[PDB]
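**Q** Below is one structure. I have some questions about it.
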Amino acid sequence: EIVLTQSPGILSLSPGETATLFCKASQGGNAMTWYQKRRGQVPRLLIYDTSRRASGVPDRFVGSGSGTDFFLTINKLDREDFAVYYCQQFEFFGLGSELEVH
Amino acid sequence: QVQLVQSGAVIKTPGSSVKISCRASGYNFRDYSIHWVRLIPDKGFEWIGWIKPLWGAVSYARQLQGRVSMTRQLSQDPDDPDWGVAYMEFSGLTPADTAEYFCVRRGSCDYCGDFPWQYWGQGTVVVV
Amino acid sequence: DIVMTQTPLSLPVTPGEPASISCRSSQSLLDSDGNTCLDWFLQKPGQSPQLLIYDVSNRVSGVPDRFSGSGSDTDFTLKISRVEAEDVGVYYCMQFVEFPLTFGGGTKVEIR
Amino acid sequence: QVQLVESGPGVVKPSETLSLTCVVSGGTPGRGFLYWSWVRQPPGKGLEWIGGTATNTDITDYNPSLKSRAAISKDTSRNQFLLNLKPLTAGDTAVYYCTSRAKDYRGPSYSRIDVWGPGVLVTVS
Amino acid sequence: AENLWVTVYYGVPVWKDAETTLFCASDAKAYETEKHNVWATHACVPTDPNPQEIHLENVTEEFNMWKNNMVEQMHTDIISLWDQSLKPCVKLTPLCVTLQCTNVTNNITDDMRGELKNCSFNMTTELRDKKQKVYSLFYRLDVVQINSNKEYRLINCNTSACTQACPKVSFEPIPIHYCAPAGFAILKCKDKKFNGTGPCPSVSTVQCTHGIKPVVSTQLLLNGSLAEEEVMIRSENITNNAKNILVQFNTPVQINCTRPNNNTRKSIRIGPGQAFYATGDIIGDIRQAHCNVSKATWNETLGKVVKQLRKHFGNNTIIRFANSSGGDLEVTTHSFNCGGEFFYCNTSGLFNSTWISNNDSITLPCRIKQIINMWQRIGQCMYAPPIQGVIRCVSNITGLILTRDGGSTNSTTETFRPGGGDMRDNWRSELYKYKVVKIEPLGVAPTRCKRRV
Amino acid sequence: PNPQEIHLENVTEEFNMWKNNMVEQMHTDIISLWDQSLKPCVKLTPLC
Amino acid sequence: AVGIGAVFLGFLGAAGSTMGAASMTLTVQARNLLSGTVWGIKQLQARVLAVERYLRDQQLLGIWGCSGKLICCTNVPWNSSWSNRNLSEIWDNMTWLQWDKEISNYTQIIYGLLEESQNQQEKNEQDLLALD
Amino acid sequence: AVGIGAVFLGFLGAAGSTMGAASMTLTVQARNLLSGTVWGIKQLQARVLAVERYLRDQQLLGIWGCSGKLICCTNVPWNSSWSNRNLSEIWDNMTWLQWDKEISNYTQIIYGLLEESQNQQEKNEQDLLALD
Amino acid sequence: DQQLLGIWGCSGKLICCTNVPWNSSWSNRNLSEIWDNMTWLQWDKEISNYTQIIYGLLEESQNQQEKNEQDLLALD
Ligand SMILES: *[C@@H]1O[C@H](CO)[C@@H](O[C@@H]2O[C@H](CO)[C@@H](O[C@@H]3O[C@H](CO[C@H]4O[C@H](CO)[C@@H](O)[C@H](O)[C@@H]4O)[C@@H](O)[C@H](O[C@H]4O[C@H](CO)[C@@H](O)[C@H](O)[C@@H]4O[C@H]4O[C@H](CO)[C@@H](O)[C@H](O)[C@@H]4O)[C@@H]3O)[C@H](O)[C@H]2NC(C)=O)[C@H](O)[C@H]1NC(C)=O
Ligand SMILES: *[C@@H]1O[C@H](CO)[C@@H](O[C@@H]2O[C@H](CO)[C@@H](O[C@@H]3O[C@H](CO[C@H]4O[C@H](CO)[C@@H](O)[C@H](O)[C@@H]4O)[C@@H](O)[C@H](O[C@H]4O[C@H](CO)[C@@H](O)[C@H](O)[C@@H]4O)[C@@H]3O)[C@H](O)[C@H]2NC(C)=O)[C@H](O)[C@H]1NC(C)=O
Ligand SMILES: *[C@@H]1O[C@H](CO)[C@@H](O[C@@H]2O[C@H](CO)[C@@H](O[C@@H]3O[C@H](CO[C@H]4O[C@H](CO)[C@@H](O)[C@H](O)[C@@H]4O)[C@@H](O)[C@H](O[C@H]4O[C@H](CO)[C@@H](O)[C@H](O)[C@@H]4O)[C@@H]3O)[C@H](O)[C@H]2NC(C)=O)[C@H](O)[C@H]1NC(C)=O
Ligand SMILES: *[C@@H]1O[C@H](CO)[C@@H](O[C@@H]2O[C@H](CO)[C@@H](O[C@@H]3O[C@H](CO)[C@@H](O)[C@H](O[C@H]4O[C@H](CO)[C@@H](O)[C@H](O)[C@@H]4O)[C@@H]3O)[C@H](O)[C@H]2NC(C)=O)[C@H](O)[C@H]1NC(C)=O
Ligand SMILES: *[C@@H]1O[C@H](CO)[C@@H](O[C@@H]2O[C@H](CO)[C@@H](O[C@@H]3O[C@H](CO)[C@@H](O)[C@H](O[C@H]4O[C@H](CO)[C@@H](O)[C@H](O)[C@@H]4O)[C@@H]3O)[C@H](O)[C@H]2NC(C)=O)[C@H](O)[C@H]1NC(C)=O
Ligand SMILES: *[C@@H]1O[C@H](CO)[C@@H](O[C@@H]2O[C@H](CO)[C@@H](O[C@@H]3O[C@H](CO)[C@@H](O)[C@H](O)[C@@H]3O)[C@H](O)[C@H]2NC(C)=O)[C@H](O)[C@H]1NC(C)=O
Ligand SMILES: *[C@@H]1O[C@H](CO)[C@@H](O[C@@H]2O[C@H](CO)[C@@H](O[C@@H]3O[C@H](CO)[C@@H](O)[C@H](O)[C@@H]3O)[C@H](O)[C@H]2NC(C)=O)[C@H](O)[C@H]1NC(C)=O
Ligand SMILES: *[C@@H]1O[C@H](CO)[C@@H](O[C@@H]2O[C@H](CO)[C@@H](O[C@@H]3O[C@H](CO)[C@@H](O)[C@H](O)[C@@H]3O)[C@H](O)[C@H]2NC(C)=O)[C@H](O)[C@H]1NC(C)=O
Ligand SMILES: *[C@@H]1O[C@H](CO)[C@@H](O[C@@H]2O[C@H](CO)[C@@H](O)[C@H](O)[C@H]2NC(C)=O)[C@H](O)[C@H]1NC(C)=O
Ligand SMILES: *[C@@H]1O[C@H](CO)[C@@H](O[C@@H]2O[C@H](CO)[C@@H](O)[C@H](O)[C@H]2NC(C)=O)[C@H](O)[C@H]1NC(C)=O
Ligand SMILES: *[C@@H]1O[C@H](CO)[C@@H](O[C@@H]2O[C@H](CO)[C@@H](O)[C@H](O)[C@H]2NC(C)=O)[C@H](O)[C@H]1NC(C)=O
Ligand SMILES: *[C@@H]1O[C@H](CO)[C@@H](O[C@@H]2O[C@H](CO)[C@@H](O)[C@H](O)[C@H]2NC(C)=O)[C@H](O)[C@H]1NC(C)=O
Ligand SMILES: *[C@@H]1O[C@H](CO)[C@@H](O)[C@H](O)[C@H]1NC(C)=O
Ligand SMILES: *[C@@H]1O[C@H](CO)[C@@H](O)[C@H](O)[C@H]1NC(C)=O
Ligand SMILES: *[C@@H]1O[C@H](CO)[C@@H](O)[C@H](O)[C@H]1NC(C)=O
Ligand SMILES: *[C@@H]1O[C@H](CO)[C@@H](O)[C@H](O)[C@H]1NC(C)=O
Ligand SMILES: *[C@@H]1O[C@H](CO)[C@@H](O)[C@H](O)[C@H]1NC(C)=O
Ligand SMILES: *[C@@H]1O[C@H](CO)[C@@H](O)[C@H](O)[C@H]1NC(C)=O
Ligand SMILES: *[C@@H]1O[C@H](CO)[C@@H](O)[C@H](O)[C@H]1NC(C)=O
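Top to bottom, those sequences are chains M, N, P, O, A, Q, I, B and R.
Just so we're aligned, residue 1 is where the first sequence starts under the entry's author numbering, counting upward by one.
Count the second sequence with the entry's author numbering and you get residues 1 to 52, 52A, 53 to 76, 76A to 76G, 77 to 82, 82A to 82C, 83 to 100, 100A to 100F, 101 to 111, in order.
Count the third sequence with the entry's author numbering and you get residues 1 to 30, 30A to 30E, 31 to 107, in order.
Count the fourth sequence with the entry's author numbering and you get residues 1 to 31, 31A to 31B, 32 to 52, 52A, 53 to 82, 82A to 82C, 83 to 100, 100A to 100G, 101 to 112, in order.
Count the fifth sequence with the entry's author numbering and you get residues 31 to 141, 150 to 185, 187 to 309, 312 to 321, 321A, 322 to 398, 411 to 505, in order.
Just so we're aligned, residue 79 is where the sixth sequence starts under the entry's author numbering, counting upward by one.
Count the seventh sequence with the entry's author numbering and you get residues 512 to 547, 569 to 664, in order.
Count the eighth sequence with the entry's author numbering and you get residues 512 to 547, 569 to 664, in order.
Just so we're aligned, residue 589 is where the ninth sequence starts under the entry's author numbering, counting upward by one.
Listed below in structure tokens is the structure:
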């Protein structure tokens, strides 16, 4: 079992800034996928293969890292982007980090 | 485009069995896998299984074997060969499994894997 | 079969003096294409044979000009102008004009 | 012709069978064929060619002195070729070599390709 | 000195990776027997003898099994060649008739459900005004009830009418040698321990590849090409779940498959010139088709594949082989062809073991179908006509296709289950060595020489 | 028009009628051209 | 002679050899560059493509200094920005497959340079033979 | 540099220009002369026709004095009955499309003349190198 | 066949002085009885056995003189 842990838990920011979210895998050498989910909608794919973005995704999201460490940096936070973000390897999911308005 | 529509929400009894439909439309159905994932409150996501609808070979999670079952139904029609139906017959329903259930499909790019699930169903909540 | 005789069978040689080794066949080695099919190998102790002289007088690349080969159709001589320590070992002539391939009996240069 | 690998039993008692295999790594670097042979050397004695075969044919040549006891075959898909010897006498104690030979026309001047495996000493006792 | 000049060189060896349409070659032994005995006896060229396996030094080629070419091309080639080998045979649209079926003359036990039905029905003669009442035998996997009384119809009449394969043609695999066209080269990785992705330090160019038998087997790929020393597993990403694990072992396990009834075929003339080959009577006893595998050799090869598969999951893991999980009948079970008859042989007798960190035979039963739906298209079948006599074929299992289970929850064991899925995983186990490259001449290099006037 | 019948001097050619080419080729050509000239015409299966 | 084989300069036979060594055997790559139901059609769809692209690169040699000389001294000065490396380490160390990746970025200015230089020296030769 | 474009010697780009001006840019017409279900078949029926006729005119240059020099000093005296007009008004006034109509009647004797002159000078060169 | 002339001494000269010495084992007959008596169809049968060494000979001679010409223009 590959357990993914997500670092920031709850993260409180104001709109306009940038935010970094960190996850640390259990084994290294695999890609990462990042999802977002608002309050009461279907989730959507933000990043697959740990660096590329999905369709209908602006370039303010970018994710990077390697080995066991992975980052998702979102630039210029808006009000609607405050949502819970889920990390995802092969079958395993993180518990998720929450972005909250300040 | 690609659409994944499900059935409506249901209320079932402990020990009964739910049957969730998932109709896919807008692509050649006999090619891409269909995964089934669930979302339990206060425990994060949890994968259930996948099904390759060309023949119907499935694979389930290790902690859910002997309870879940997945079938598919192809479109035997040379005029609309795109649409198709996947099913899940989730049996052994206990009060812990009150959740939302999504049927998802992978992306269509070349460097997309299988697990980057791009297209999502609307999700069906079951409460027991 | 062509019988290959190499002379002598055992000749210990002191380093630095010249040497000449004779080889004889029971038949001519001139083949249809005009080639004389005789090769000379040296097998140093505990090592594989290594080709030294091939058709009539030509040395394989990397082999010094100290080694020279001469001969007729049936009588051949390998001469070593200045003997060095790594020349020790068993020298062999070999025919390939006809099957079976046959080797001379060898000449062992050894330190007494 | 980059590599030759000999294999077979290292000590054999006189009633069993001598079987040797030579595996060729890097068959040929040009059009044509190679000739692959087995050659043996008794202790303090000369080299004796047991037999061989061209890569271009399935006909094998044997030394008549060996009394038709040797059988040599090949299979290029496994890049192997084999020698089998039965009955045995103490006179078959020898270092056994695999060899690959061809005339080499790839250079500006005619030259030779001539490669030998390291050999395996087989003592029968 | 520093006045160095451009010189072109035409006909210099450098290649790039490319995709192109390849080209058949068949051996002359397949040309010795003629007259469309099997397919691709005219659609492909006679081969040249002694193919030039030319070794290269100092070369590190990046091979890839999974994003390879030559496999989707081979798959389109074999399905198009399947389609062209059915056009001259007859079409069975006058057979979708209301059949009246019954049970075969047999001591029916209630536990054993009979795989044969005896069906009689009207059928047109070559004289269009008259019709004849004929009877035949069908398998229960080909008819379905229409709703006391009993009336059946064929399984495909509400989807597609479909073609009886005209039985002068045969279905055994003959070897196909793929060849590159002029101006392309085929590279072969001569390394031994080569798992199928990355650099291969000993390559060799080939004009035309070796004998590839196109077999159609779902799990347990038969008549394949063995390994060299080990049993080799290979995967695209082994920590993934959706990608099958291809296993190929060195010494094959032989398998003896049979059906022990002797069908007597009969010709029922549909119309003018078109005949339909039905099953007549079974003389002798009726029995179930089966296959036999040697138990000790199967246990030894499973021991070898466990000793190999522990290198990727830690040595202290408990490997458990279970049977197939479910799905359609052509993937839950070992599907193959044997002498022109399609077998579907149960597989739970083999894939059932648990391996911990420390002259008998297996008989596995089969069911046979006459109506196939191979490659899973929308409006196709093939009604395979019956074969006279008992049927026996001996083959040699060389490989396996496995699939992990997607385990969560602190799992210390790994369960492996067989699964056929695609048919391209079969030929992907045979074209792993080969890459196709576009040679390009005309390099440009500086040197010390100048053109005069 | 006017096909060039060009004579040659001092030439002895070995002709053969019976192991000739151009006749099995002509025969396959005329039977294939017979087959292609019947495909658009009707089929008489309702007359038996 | 018996018991001995013969090797002959195989196709792609020196692909890992040195550029100075591969510069002596170019002709085998040129010889095995041209010679060697709808299926005939699709291999026909292969075959003419082969001959088409063959003529294409020979057309390029038709435009530069040499139609069929198969090596070619020209009159374009080699810019040191492309390689900046001395001759004795190029012709005696590297192989061709490394060199192709090394200067694969620097192409398509060499081709126009060679085209202009050949046309320039051609019209100068025509003016030289014109005044006689 | 920004705000500025770049033009590059287009196909048929000097068809209305002067013959003396069109005589400097011939290579683009040569480069864009070769490279660029039954429908594939019919465009296959196009494509090989292209390559066929391409080889045809190069075969003509194979017979006259130059295989690939793309302009060609020859040794046939220009009959003044064909043109009777001086050089400085031909190379500096007229365009090529007018010249083709002007001497389109006078062809097919030039081709045989060039063929005979090339074969004549070839056998004379063989006799010249023969006596050495 | 034009590719063959691409490899030997002349791409399009249509006759070709070369630099391979004519072995007298192929023909052993003097020039004035070859160029003034025989026809070509007889000559093709006469030397049809002796081919494929001439082609490799011409190939090696052309490549040899080509690299010697490159070395000659190299030292300037
Ligand atoms: C994995 O690879 C193995 C390789 O061995 C392969 O097994 C072989 O399969 C093929 C076909 O599947 C078998 O070939 C058939 O063999 C039977 C019996 O052969 C006997 O006789 C021959 C010749 O004397 C011997 O070599 C052999 O050892 C047996 O003693 C033949 O009868 C078959 O021929 C019939 O079909 C042909 C199809 O065109 C006809 O041309 C031929 O004339 C035969 O038809 C006649 O009989 C029919 C029935 O009576 C009749 O209806 C016809 O009108 C006609 O009269 C065929 O050659 C071969 O035997 C198998 N090998 C062994 C050792 O058994 C596996 O199949 C392969 N696995 C997979 C999955 O493909
Ligand atoms: C699938 O189902 C069909 C349909 O029933 C079976 O076919 C029939 O099988 C029965 C077997 O009992 C046959 O009945 C026998 O018919 C003999 C007469 O032969 C001719 O008769 C019919 C007219 O009735 C003709 O049209 C036809 O051409 C036949 O050639 C009788 O002589 C037999 O008598 C038997 O019983 C007596 C007393 O018991 C004995 O003394 C006799 O020796 C003999 O055993 C018998 O009545 C019938 O003819 C078949 N019909 C057809 C159309 O063939 C198939 O057998 C069945 N298939 C399987 C595999 O089970
Ligand atoms: C691939 O091959 C495997 C080989 O094992 C098949 O697995 C078996 O499938 C059968 C289904 O046919 C399973 O069911 C068993 O059927 C037996 C037949 O008994 C019948 O009649 C009795 C009395 O009328 C009924 O009670 C019964 O339900 C049947 O209708 C039963 O004897 C079995 O019950 C036994 O279960 C256990 C076994 O230890 C005992 O404790 C019981 O007392 C009883 O004896 C059972 O019902 C069978 O279980 C499967 N085998 C195994 C080992 O599990 C696969 O089915 C086949 N694949 C496919 C697709 O068919
Ligand atoms: C399961 O295993 C397979 C095999 O190892 C693995 O596939 C590999 O994925 C990686 C990452 O996607 C690939 O690496 C890339 O390859 C491309 C090919 O040209 C390169 O262009 C990339 O270079 C850059 O790309 C990005 C720039 O946008 C950067 O993120 C990157 O760091 C580089 O800067 C990159 O090297 C690799 O080619 C494949 N290999 C194969 C054989 O497919 C697969 O990802 C694994 N599964 C999971 C879920 O990880
Ligand atoms: C034709 O098929 C029938 C079955 O459809 C077959 O009849 C059965 O034969 C067996 C053996 O001849 C009979 O004997 C049984 O044998 C076992 C083993 O000892 C016993 O356990 C059985 O006891 C119980 O089982 C029966 C099953 O229904 C019960 O009916 C019985 O009362 C016992 O409770 C029993 O002794 C078996 O009884 C018959 N079954 C029937 C229904 O007749 C017949 O032999 C076959 N004939 C031929 C010629 O093939
Ligand atoms: C072959 O074709 C014949 C001809 O249609 C079929 O026979 C027909 O079968 C039906 C029953 O499904 C008969 O109907 C019955 O007729 C009797 C009178 O004999 C009546 O009492 C019943 O109530 C019922 O209506 C029908 O008459 C009969 N036709 C003939 C000409 O016999 C037959 O079913 C077809 N199949 C086979 C396997 O023979
Ligand atoms: C893999 O192995 C397992 C166990 O060996 C197989 O499971 C068994 O499958 C049979 C056949 O489907 C089941 O028998 C049937 O049960 C149903 C009730 O669901 C009944 O209506 C039928 O009459 C018949 O008795 C059996 O119950 C089942 N056992 C268990 C424990 O699941 C499985 O089928 C094998 N898979 C394949 C593809 O063969
Ligand atoms: C399963 O596959 C193997 C190999 O793919 C089959 O062949 C066995 O191994 C070799 C390789 O073909 C056979 O040797 C052959 O012998 C013939 C006649 O001597 C020779 O002409 C060939 O060149 C080759 O050397 C070998 O005989 C064979 N094994 C046995 C026991 O016969 C194997 O037959 C296949 N089937 C089974 C049931 O194993
Ligand atoms: C053949 O006809 C029917 C249809 O199969 C048979 O009836 C059933 O047969 C199955 C086994 O094939 C049994 O499991 C059922 O219990 C049977 N049902 C009934 C109501 O009998 C019938 O037994 C067969 N034989 C005959 C002579 O009709
Ligand atoms: C299976 O059926 C066939 C018939 O198709 C049997 O062949 C018969 O064999 C006997 C004995 O050799 C001959 O007298 C008959 O003439 C054969 N039948 C035909 C139609 O020719 C075969 O023997 C049967 N085999 C078994 C094991 O039952
Ligand atoms: C599969 O069939 C072959 C062919 O008959 C069997 O091989 C025979 O095995 C018996 C028993 O060991 C021997 O007496 C025979 O000499 C063998 N014949 C041949 C040609 O090898 C094999 O045993 C069968 N396999 C299984 C699992 O039943
Ligand atoms: C699966 O494998 C086992 C052996 O590992 C076979 O043995 C039976 O196993 C079941 C439980 O798995 C036990 O209840 C039985 O008692 C075992 N049989 C005996 C005779 O002891 C089992 O047969 C295999 N399954 C199949 C379907 O073949
Ligand atoms: C597991 O066992 C294998 C057996 O060879 C060994 O190579 C490997 O190092 C072992 N791993 C650990 C972690 O002990
Ligand atoms: C060499 O190339 C660079 C750009 O690659 C260019 O700026 C420079 O002018 C060139 N020099 C010569 C001498 O061609
Ligand atoms: C060609 O381009 C790539 C990417 O633009 C660059 O990294 C590389 O250095 C270039 N090649 C050379 C020889 O400069
Ligand atoms: C020029 O052409 C005319 C016919 O067009 C011919 O009569 C005359 O002889 C030619 N003169 C020369 C010098 O070629
Ligand atoms: C060519 O022929 C036409 C009609 O015969 C004639 O009018 C024209 O003048 C001729 N061309 C030349 C250049 O004389
Ligand atoms: C002439 O050819 C013969 C064989 O045909 C050969 O032995 C001889 O060496 C050749 N001589 C020359 C001078 O090429
Ligand atoms: C060519 O071969 C044939 C038969 O081998 C021989 O008779 C003939 O003399 C040979 N040709 C020449 C010119 O020697």
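Note that beta-carbon positions come from the ideal geometry of N, C-alpha and C, so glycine has one too.
1) Taking a contact to mean a Cβ-Cβ separation below 7 Å, would you say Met-104 of chain A touches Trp-427 of chain A in this structure?
2) Excluding the 5 residues preceding and the 5 following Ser-306 of chain A in the sequence, name in chain order all residues of the same chain whose CB lies nearer than 7 Å to its CB.
3) Measuring CB atoms only, is the stretch 604-611 of chain I touching the stretch 32-39 of chain A, in the sense that at least three cross pairs come out at less than 8 Å?
4) Do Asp-113 of chain A and ligand 9 come close, with the Cβ less than 6 Å from some heavy atom?
5) So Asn-75 of chain M contacts chain A; which residues on that side make the cut at Cβ distance below 9 Å?
6) With distances taken from CA atoms, which of A:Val-120, A:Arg-304, A:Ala-55 is nearest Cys-74 of chain A?
7) When we look at the beta-carbon of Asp-34 of chain P and count the other beta-carbons within 10 Å, is it buried (16 or more) or exposed?
8) Give me the chain B residues within the contact set of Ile-603 of chain R, using Cβ-Cβ distance strictly less than 7 Å, ordered along the chain.
9) Using a Cβ-Cβ cut-off of 7 Å, state whether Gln-428 of chain A counts as contacting chain N.
10) Do you know offhand how far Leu-285 of chain A's Cα is from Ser-481 of chain A's?
**A** Quick look at the numbers:
1) no
2) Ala-316, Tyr-318
3) yes
4) no
5) Within 9 Å Cβ-Cβ: nothing; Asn-75 of chain M doesn't reach chain A, min ~31 Å.
6) A:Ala-55
7) buried
8) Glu-654, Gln-658
9) yes
10) 7 Å
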